[PDB]
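Report on one structure; see the data block that follows.
None of the figures in this text is laboratory data; all of them are computed from the coordinates on show. Methodologically, a virtual Cβ is constructed for each residue, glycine included, from the backbone with ideal geometry; neighbour enumeration extends over all protein chains shown.
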Amino acid sequence: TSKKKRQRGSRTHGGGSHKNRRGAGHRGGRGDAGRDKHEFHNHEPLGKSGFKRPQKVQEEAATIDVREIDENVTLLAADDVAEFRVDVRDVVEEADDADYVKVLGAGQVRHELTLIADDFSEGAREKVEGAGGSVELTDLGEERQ
Amino acid sequence: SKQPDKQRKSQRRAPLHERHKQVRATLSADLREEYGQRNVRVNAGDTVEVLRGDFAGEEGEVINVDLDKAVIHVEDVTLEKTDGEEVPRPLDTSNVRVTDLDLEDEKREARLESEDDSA
Amino acid sequence: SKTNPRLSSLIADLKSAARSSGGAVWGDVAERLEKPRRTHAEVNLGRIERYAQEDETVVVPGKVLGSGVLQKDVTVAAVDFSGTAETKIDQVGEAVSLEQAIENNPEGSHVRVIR
Amino acid sequence: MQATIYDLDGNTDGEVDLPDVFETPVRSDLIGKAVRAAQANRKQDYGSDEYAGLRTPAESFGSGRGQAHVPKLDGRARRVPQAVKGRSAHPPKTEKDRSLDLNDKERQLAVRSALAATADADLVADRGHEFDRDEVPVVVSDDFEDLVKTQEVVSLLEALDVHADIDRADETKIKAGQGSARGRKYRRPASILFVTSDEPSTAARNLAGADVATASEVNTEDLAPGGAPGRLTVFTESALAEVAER
RNA sequence: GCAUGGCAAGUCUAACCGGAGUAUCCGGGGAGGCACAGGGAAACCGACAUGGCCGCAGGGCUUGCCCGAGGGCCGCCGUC
RNA sequence: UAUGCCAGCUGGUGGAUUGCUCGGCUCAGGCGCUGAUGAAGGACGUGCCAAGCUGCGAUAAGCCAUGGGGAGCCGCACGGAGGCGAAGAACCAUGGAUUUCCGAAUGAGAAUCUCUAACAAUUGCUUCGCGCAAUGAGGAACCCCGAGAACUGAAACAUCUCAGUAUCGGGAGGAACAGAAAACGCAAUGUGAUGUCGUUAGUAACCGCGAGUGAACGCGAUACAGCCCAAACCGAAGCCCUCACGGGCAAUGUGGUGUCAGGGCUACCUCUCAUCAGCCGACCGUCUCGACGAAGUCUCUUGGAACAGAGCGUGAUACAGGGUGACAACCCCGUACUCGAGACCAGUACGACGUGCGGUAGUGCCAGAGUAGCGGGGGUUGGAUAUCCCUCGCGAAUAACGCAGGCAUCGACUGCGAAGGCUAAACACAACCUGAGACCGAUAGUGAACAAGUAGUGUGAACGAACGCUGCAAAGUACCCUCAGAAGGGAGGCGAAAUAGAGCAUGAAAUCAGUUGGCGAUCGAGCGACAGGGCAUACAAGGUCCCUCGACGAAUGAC
Ligand SMILES: [Cl-]
Ligand SMILES: [Cl-]
Ligand SMILES: [Cl-]
Ligand SMILES: [Mg+2]
Ligand SMILES: [Mg+2]
Ligand SMILES: [Mg+2]
Ligand SMILES: [Mg+2]
Ligand SMILES: [Mg+2]
Ligand SMILES: [Mg+2]
Ligand SMILES: [Mg+2]
Ligand SMILES: [Mg+2]
Ligand SMILES: [Mg+2]
Ligand SMILES: [Mg+2]
Ligand SMILES: [Mg+2]
Ligand SMILES: [Mg+2]
Ligand SMILES: [Mg+2]
Ligand code: NA
Ligand code: NA
Ligand code: NA
Ligand code: NA
Ligand code: NA
Ligand code: NA
Ligand code: NA
Ligand code: NA
Ligand code: NA
Ligand code: NA
Ligand code: NA
Ligand code: NA
Ligand code: NA
Ligand code: NA
Ligand code: NA
Ligand code: NA
Ligand code: NA
Ligand code: NA
Ligand code: NA
Ligand code: NA
């Protein structure tokens, strides 16, 4: 049995005094009315802040952490093996609608890895070289200067 | 129309010529064999035998056939009025069986015999 | 108010074992299992690899998911496994239904609870 | 497991391996959910007239004549819910969504599971079906699909000692209630499901309470009508092989 | 929010298309959405698959003593 | 025990209840215009007897043809009389005839009638004559173009919101509208007419930056389709009317060419399969309608009736639904199967006829002005500087030019040619056809299952109900008595039932008559709950209960 089901007979249906569930006054105003007066409580403060840059001047980077690449190197049997060598672009999903691919250095790198992407973070590099590996910057990556 | 309301509606409102089918009856064994049909639209000439009513068992000549009310009058199948007069007790051709045919009509008999049309 | 007739039997069986046998893990799991689905365990390999040890059956009073790496050769016992998990697991160990664990070890001994 | 194939005479004729699916654990709860969904999905939207009861300029005289403040016209109350001829407070609505969503995985699982329940002589006996056989589902040669006369499927069914189930569904129930008035006066027990492979048995379909299906699209309903698992089924040599990949 | 159920680092398809037993139903359709990294107005940069301590359940042992997921207290890391 | 209280019994009143469904409600597929050739609508007529409804129109519930249909028929509507049908009626389909008056209403006037040949009025062509034509009004909503609130929200209220909503004016079609970039601007080596659907996104943008408001590109789909002028260069090679003669239009340019794969011109190359004009002209599918269509009406019992129970038997590519004196696959309609017709798709697709596409070089020959653009003031929008529009003023270039890419200017880059024109299909609605339903089931569902937009109300705009059910069959009550009596009553008849007898299935409560039990003319008022007594009670569905004694005997506990 549901709560609604049990209301027949209660008269008030759980609203207390029958003088309650009337109009919007029982709500302190229609919609967000009073967000600054009576019900200012729990409403982010009023005003403007900052600015935005035109939507089409904005570049969206497709990112991935070493840990993800590394945790599945073996499993990526359909990807070069050497002295492994993986081009990130082919790994990351959404790597099409993205203005470029960027490797981030979160986690561990337990294999010697040869990584090819458009951009890397310090941590990703250090980590990938520290495991006897190399990071190769794509031709698009040739945008550092 | 699988819906009861429409089914009944179409029966009760069928134009005159579409009522003929409502006054059909089953044909004795001999007759089905002779013409190749299971039933026929009863005519005021045919002889028939009552198979269900209180008059079940009785046989008689078809005196009248109403298409509006989808009913027939069979000789001697009557009711005793108060004044002593005897009037016909309407019957449903569904509780009747034709034992004899009146074939004075080339057309009816033409239809009866053919194997592509039914009478 | 559990809907699954299977999960419902498993719990019943877990109880039957905990009581008869000397187990305490089984009754413990029985209870967690009776608790809200949201409270049940969802553990990836990455965790199991971190706290399990050979010859000590891992018991997950929930489901096991295949995120991360498992190298240790351990026996994991869960309500269920993502196909990925049960795959990665049988590659270095053995994935086992709790119903089978209850049978190969009704005293619930040398077992580790992971969540 | 093993599957005993039958020729059109009812005599053993080899045997095939009962595909894995018939080994899926029977989950009547998921089955039921899929049958429920199927049935709701074919229900039609309805609703009373948006303006029903609102077609008038009736108004309230207010206080002053010892009458309750009710809108009136020509001295007859109108529009309000508590007034005869008034609007229906909260009526059925066209707008309402009477459909049910079900995860493909969740649904396909229910089909295999319904499938599996078909292979259990006990379940099928519990569901209510009448038959004196031990193996189930009944698998038959592909020549079944060429039958053309109903009467022939009958002999084949009497030979397989499964005909008693059609005897069961050869009784109609004139329901209780007004469904009657809306063309639902009758209802009958569901008997045997014939699942072929190329087309649905035109020879079996008219059988008392029998339902015909095809291996590629047979669903959770024909497999477990009313959400009840364990329907007495008869596949075709080929059907049985197609089913397996579902 | 919650109870239940499916799948799980993923998950769900929308319109729509084919099939059919033709509104049901079987198959296809992942466009796209939310989740998988955050910080910053922006430029821009970009994290602990566990380093320490308590310790509930549970387990272990030679019956207080170990191991202690979850939990708790810190460290450390990304960014302004 | 008057008046009377409480409960019940018999009869009534009343019409709930249950059952029933000729109506509603909603969804879906199909289809979709009518009208000066006088529509829709209204008025008045039209029948043997005819008030209402329906049809019809002085040829008046109808006339003619062809097909279908069939032995019956003369509407709803079952009376009386009479008639029609084998000279093939009824009925159904298509086509034709007739078709009063008012009505856009059109000779003029008028509350449906009148006065003395009429496209009235406004237009096009024009033989300048109403000679030939057009318009006008209607329609369920849908569509396009204009005019445009307030309650309300903001807890007041002005900008904002309700909302370009309600409502008003003008008008199209079966669909409208839009539409082959002076586009987009995931900026690109990219996309490639338009609607619509999904998403993008409650994102960007607006906003007393409050409340609120709110796209697009792109993407996935549906359906797909691309062309014609103006001009240059030609210069009457042209068009319309008429059978013809003949007349009219046209140098203020009919016609050819041509239209950003720019074109024209000159010299060349090659070729046509583009396009445009006209001819032919469907399949399939889908909607509807129709033909044909298997198998019991066997036995016994109950019953008014078998469609019930028991027994015996049958069909099924047909066990959808309905009817029939009760629960019917096999009694009848139908249903599956097969087949036929009409409509839409569509004057479309396909096919064919004619035309001729395209390329190179040269050439500043051509290419839409109160425009592009700026300014003043408004409106509108998400459009912010960067929406779309109105109005007042100002105002350019000529492809070697010009516009756009979300502020202005200059340059570059990329895109693209405004100020001429057309355009199939996919999308909206639901008047019309058909089908469907976990919708309602007669105080519900439409206001309307009934005489329903009826009766009735209002000067008018307008407002606006209630009413379903005899029976298997009318067998709808003969005859007799009574009575002022076709009333009513009595007796009697029919039927299973008249307590089914006419607003007639069932027949609740309030309530009324008569009557039974209890109480009762010395007595006090929430009408009772729980105890305990009197009186009353057919069975059934409850069967217990009373007294002696005795056993057991908590707390309590004596004389
Ligand atoms: Cl920004
Ligand atoms: Cl985890
Ligand atoms: Cl683009
Ligand atoms: Mg994508
Ligand atoms: Mg014949
Ligand atoms: Mg109503
Ligand atoms: Mg009922
Ligand atoms: Mg006039
Ligand atoms: Mg306000
Ligand atoms: Mg305010
Ligand atoms: Mg707005
Ligand atoms: Mg855009
Ligand atoms: Mg031309
Ligand atoms: Mg505005
Ligand atoms: Mg009503
Ligand atoms: Mg009565
Ligand atoms: Na409450
Ligand atoms: Na209240
Ligand atoms: Na408020
Ligand atoms: Na009204
Ligand atoms: Na009163
Ligand atoms: Na809906
Ligand atoms: Na996707
Ligand atoms: Na139409
Ligand atoms: Na009349
Ligand atoms: Na006429
Ligand atoms: Na005219
Ligand atoms: Na003239
Ligand atoms: Na307010
Ligand atoms: Na005020
Ligand atoms: Na504002
Ligand atoms: Na894209
Ligand atoms: Na009958
Ligand atoms: Na201006
Ligand atoms: Na642009
Ligand atoms: Na009524």
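Distances longer than 15 Å among the Cα atoms of the range D:1-66: what percent of all pairs is that? Walk me through the numbers on the way to the answer.
Numbers: 1698 of 2145 pairs.
Within the range D:1-66, distances greater than 15 Å cover 79 percent of Cα pairs.
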- Once both labels are modelled 7 Å past Cα along the beta-carbon direction, what's the residue C:90-residue D:107 spacing in nm? 3.0
- Note on the structure: The ratio Rg/Rh over the Cα atoms of the protein assembly as shown, Rh being the Kirkwood inverse mean 1/r radius, stands at 1.13
- Query: Using +1 on the beta carbon of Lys and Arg, -1 on that of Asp and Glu, and nothing else charged, what's the dipole of chain A about the Cα centre, debye to 20?
  - Reply: 3440
- Message: Based on C-alpha coordinates, I'd like the Rg and Dmax of chain D, in Å.
- Response: 26.4, 95
- Filter the trypsin sites (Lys or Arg not before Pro) in the range D:152-232 down to the DSSP loop ones having no more than 12 other Cβ atoms within 10 Å, then list what survives. D:175
- Task: Identify the trypsin sites (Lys or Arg not before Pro) of the range D:21-72 meeting these criteria: DSSP loop state and at most 16 other C-beta atoms within 10 Å of the C-beta.
- Result: D:42, D:43, D:55, D:65
- Query: When you take every Cα atom in the range A:60-112, what is the radius of gyration, and what is Dmax, the widest Cα pair distance, in Å?
  - Reply: 11.3, 34
- Karplus couplings for the range D:133-142 from phi (6.51 cos²θ - 1.76 cosθ + 1.60, θ = phi - 60°), rounded to Hz, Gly and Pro as x? 9, 10, 8, 6, x, 6, 9, 9, 4, 5
- Task: Using the charge dipole of chain B (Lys, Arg: +1 at Cβ; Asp, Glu: -1 at Cβ; taken about the Cα centre), state which of B:39, B:3, B:60 has its Cα farthest towards the positive end.
- Result: B:3
- Query: What is the P(r) of the range A:1-50, as percent of Cα-Cα pairs per 5 Å bin from 0?
  - Reply: 4, 16, 16, 14, 14, 12, 11, 6, 4, 3, 1, 0
- Task: In Å and from the alpha-carbon atoms only, list the Rg and Dmax of chain B.
- Result: 15.5, 50
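Provide D:191, B:114, B:1 in ascending order of the number of other Cβ atoms located within 10 Å of each residue's Cβ, fewest first.
Numbers: D:191 27, B:114 12, B:1 9.
The order, fewest Cβ neighbours first, is B:1, B:114, D:191.
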- Query: Taking amide hydrogens as modeled 1.01 Å from N in the peptide plane, which residues meet the under 5 Å criterion relative to residue C:76, leaving out close sequence neighbours?
  - Reply: C:58, C:94, C:96
- Task: List the equivalent ellipsoid semi-axes of chain C in whole Å, largest first, each obtained as the square root of 5λ for an eigenvalue λ of the Cα gyration tensor.
- Result: 22, 16, 11
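What FRET efficiency would be calculated for the residue pair residue B:47, residue D:151, taking the C-beta separation as r and a Förster radius of 35 Å, to the nearest 0.05?
On the way: r = 36 Å, r/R0 = 1.04.
Given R0 = 35 Å and the Cβ-Cβ separation, E is 0.45.
Work out how much length residue A:38 to residue A:61 would gain on full extension: take 0.36 nm times their residue separation and subtract the Cα-Cα distance, in nm to one decimal.
Values: separation 23, 0.36 × 23 = 8.28 nm, distance 4.41 nm.
Answer, rounded to one decimal: 3.9 nm.
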- Query: By DSSP, what percent of the beta bridges with both residues in the protein assembly as shown are antiparallel, rounded to the nearest 5?
  - Reply: 40
- Message: Can you sort B:71, B:23 from fewest to most other Cβ atoms within 10 Å of each residue's own Cβ?
- Response: B:71, B:23
- Item | Projected-area mean, the range B:73-119, by convex hull of Cα positions, square nanometres | 4.7
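So how do A:120, B:55, D:61, A:51 line up by other beta-carbon neighbours within 10 Å, fewest first? The partial results should precede the final answer.
Details: A:120 23, B:55 19, D:61 12, A:51 5.
Exposure proxy ranking, most exposed first: A:51, D:61, B:55, A:120.
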- Could you work out how far helix D:28-41 tilts from the main Cα principal axis of chain D, as a 0 to 90 degree angle to the nearest 10? 50
- Cross-link list D:96/D:173; B:6/D:85; D:105/D:185; A:56/D:96: which exceed 30 angstrom alpha carbon to alpha carbon? D:96/D:173; D:105/D:185; A:56/D:96
- Take the Cβ-Cβ distance between residue B:18 and residue D:180 as r, set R0 to 30 Å, and report the resulting FRET efficiency rounded to the nearest 0.05. 0.65
- Query: What percent antiparallel are the DSSP beta bridges of chain D, to the nearest 5?
  - Reply: 45
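Please give the length that would be gained between residue D:83 and residue D:68 if that part of the chain were fully extended, namely 0.36 nm times their separation in residues minus their C-alpha to C-alpha distance (nm, one decimal).
Values: separation 15, 0.36 × 15 = 5.40 nm, distance 1.19 nm.
So the chain would gain 4.2 nm between residue D:83 and residue D:68.
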- Query: So how far apart, in nm, are the two label points at residue B:69 and residue D:244 if each is 7 Å from Cα heading toward Cβ?
  - Reply: 7.1
- Task: Assign unit charges at the C-beta atoms only (+1 for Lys and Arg, -1 for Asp and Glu), then state the dipole size of the protein assembly as shown relative to its Cα centre in Debye, rounded to the nearest 20.
- Result: 7440
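Using the beta-carbon distance between residue B:33 and residue D:164 and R0 = 30 Å, what value does 1/(1 + (r/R0)^6) give for FRET efficiency, to the nearest 0.05? Walk me through the numbers before you get to the answer.
Numbers: r = 37 Å, r/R0 = 1.22.
My answer for the efficiency is 0.25.
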- Which ³J(HN,Hα) values, rounded to whole Hz and listed in residue order, are derived for the range A:66-83 from phi using the Karplus coefficients 6.51, -1.76 and 1.60 in 6.51 cos²θ - 1.76 cosθ + 1.60 with θ = phi - 60°, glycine and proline given as x? 2, 2, 6, 4, 4, 5, 10, 3, 4, 4, 7, 3, 8, 7, 2, 10, 9, 3
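Using alpha-carbon pairs under 8 Å, 6+ residues apart, how would you state the relative contact order of the range D:21-100 in percent?
Numbers: 89 pairs, mean separation 26.8, N = 80.
Reported relative contact order: 33 percent.
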- Message: Give me the inter-chain shielding for A:68-81: mean count of other chain Cβ atoms within 10 Å, whole number please.
- Response: 1
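For the range C:64-115, what percent of Cα pairs sit more than 13 Å apart? Don't skip to the answer; put the middle values down first.
Details: 771 of 1326 pairs.
The proportion of pairs with Cα distances above 13 Å equals 58 percent.
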- Using only Cα atoms, what is the ratio of the radius of gyration of the range A:51-144 to 2.2 N^0.38 Å? 1.12
